[PDB]
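Let's start with one chain on its own, the form deposited in one PDB entry, as structure tokens.
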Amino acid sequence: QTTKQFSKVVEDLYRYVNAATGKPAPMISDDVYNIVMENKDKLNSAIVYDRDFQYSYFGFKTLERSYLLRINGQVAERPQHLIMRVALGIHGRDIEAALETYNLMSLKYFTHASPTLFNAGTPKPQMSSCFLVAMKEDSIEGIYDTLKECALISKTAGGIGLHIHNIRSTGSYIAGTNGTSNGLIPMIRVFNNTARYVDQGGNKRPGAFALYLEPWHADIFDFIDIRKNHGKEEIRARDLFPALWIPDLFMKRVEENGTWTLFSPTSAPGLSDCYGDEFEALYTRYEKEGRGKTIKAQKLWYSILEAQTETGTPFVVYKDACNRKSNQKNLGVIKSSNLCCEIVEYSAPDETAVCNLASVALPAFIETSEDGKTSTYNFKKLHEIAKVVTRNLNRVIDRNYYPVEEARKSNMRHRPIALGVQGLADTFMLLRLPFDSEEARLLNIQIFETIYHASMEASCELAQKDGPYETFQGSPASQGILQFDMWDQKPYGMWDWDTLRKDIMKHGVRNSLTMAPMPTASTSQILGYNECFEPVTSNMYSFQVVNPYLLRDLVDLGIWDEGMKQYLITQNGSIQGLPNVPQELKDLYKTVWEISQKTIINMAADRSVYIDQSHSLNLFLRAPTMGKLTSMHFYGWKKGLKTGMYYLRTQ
């Protein structure tokens, strides 16, 4: 049901007019149109339309649902067109680069995040997925500029992490009136309302700011309860996500079972603009000085746990871990993560942090390339692809249209990048590895060591052509301190780290950061693999498709009948305690609610030393309990995780 020739599809898209208004509304950029026109034979005959049959039913309908460009409501783009469009939007005149990217993407080696897919090659090429915004000032002027900026950003694809540690709390003094501040909640209500008013493009995905607060803020109790479904209404903000920016001290006081003290940022200035010991000194001293309100640490902590149990939020991100181990630490103190708890980047009133995202398809590097029929992992092809994806993301920074001036300032200075992964559960299943196997633990480490090593290497080459990023001098990277070093650990050593460190000190890197494995919520669905790096949630997922790797095996052992199909609906994806299934299969197809949360934390802990930034660590508790969750928070904290917890998923 679609024009076949690609330049012919680019012609329609570009010449498009809105009949209802007589307005010429071209959907390809001038730039990209011209490239397509000046290289139409090369480009048209490079496309292979067979690759459209690489997409599952439920994967393609995601592409058609909201990805492939429409003309007057009918789908205009074939999946191959969307890719070729993307490849050109990223690469411009670099037809060779463009052609390479096309192939790897078409063949499902990797893909870019949804904004890139939406907007690459179009006149408003907003290709970035996340924005980290600083509250400009503790003033009415400051609040409404920030409000204005969130709106302007929300106008285009991508979510906002916004931190608000500097907004004075309920009842704080205001010079100029006998009026008293109402604190965070009423203000949060303003933001919530703005998030409901500005569509993201023109859309079906409602609100989406995540709000970052440090637990010493005086308004914290209400703040954490923002997503509750009863209390009052005007005390809630149901389209935002509260996230805790937790300092170590808070966890120490919980552990010690001691006191915790709540300040308005105005009775206690500077808490968020320092960390580690210095923070502890400054905090202890204010606390001695009578400046705040002391209560029992565990009273807060018990409340945070209710919130998580009921709403799966607030998220938990360790402030010190993030700041101690960032290559951006030379820039100043990092005040928040992003919407999905994976970006860890510096922000200020005048610099709003951005990231571009792509994910590598881990299954595509499996081969039974030995001889007989035993699979291996081509860590070489993986390193190769990761180098390509690095190059792409870096170009995107320059061909990107920024929604606001503070985002362009930020990115052009530090050029952070974000690579991640999907299909890790698939990769384990295909290689016949239980998620909790010593093998899967080894494969995790290995995969992540290779993506990091490649991305850093490819970035080093880039710095060689185009100079290091503006703020590379004085960074930990400039001092030969890469991520794992900052975790006081030797790398696993599958790649030659000395040589790389050697070159990086000599030449710089192009990006301040490179890795931030993300949720892959929709892009995993497109390529038909399991989200990012989490185990399967069920084997049935749900219009009810059975795990292909399971199903395959179930027929090979010929134990698949109606008794099997119904048991899967019945036990919703669990194959454990089921009469006629080999232990091998059971260990292999454990659902996520059947893997120890301790193993999850560990494999997170392990891969974490090859992660510039952080990752979207969801926790899954089957039969949740105050103490059971308590130990999971503290275990991760102690591992030195940055994102201790994204969502608490329950039931």
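Quick note: we count residues from 1 along the sequence shown, nothing fancier. Here, rigid core means the biggest group of C-alpha atoms that superpose within 1.5 Å across both forms.
The form solved in complex with a partner chain exists for this protein as well; it is not shown, and the discussion that follows is about that form.
- Residues within 4.5 angstroms of its partner chain in the deposited complex, judged by any non-hydrogen atom, belong to 620 to 628 and to none of the other stretches in 603 to 611, 578 to 586, 620 to 628, 47 to 55.
- Taken together, the three residues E255, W301 and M632 all lie with some non-hydrogen atom within 4.5 angstroms of its partner chain in the deposited complex.
- Note on contacts: among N39, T591, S29, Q597, the single residue with a heavy atom within 4.5 Å of its partner chain in the deposited complex is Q597.
- In the deposited complex, its partner chain sits beyond 4.5 Å of every heavy atom of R15.
- Candidate set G92, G201, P349, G332; criterion, C-alpha shift of 2 Å or more between the shown form and the other one after rigid-core fit; matching residue, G201.
- Residue displacement note: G493 has its CA displaced by under 2 Å between the shown form and the other one (rigid core superposed).
- Core-superposed comparison between the shown form and the other one: the C-alpha position of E289 differs by less than 2 Å.
- Relative to the superposed rigid core, the position of the CA of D371 differs between the shown form and the other one by 2 Å or more.
- Closer approach of the C-alpha atoms of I83 and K204, by 3 angstroms or more, is seen in the deposited complex than in the present form.
- In the deposited complex, the CA atoms of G201 and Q613 sit farther apart than in the displayed form, by at least 3 angstroms.
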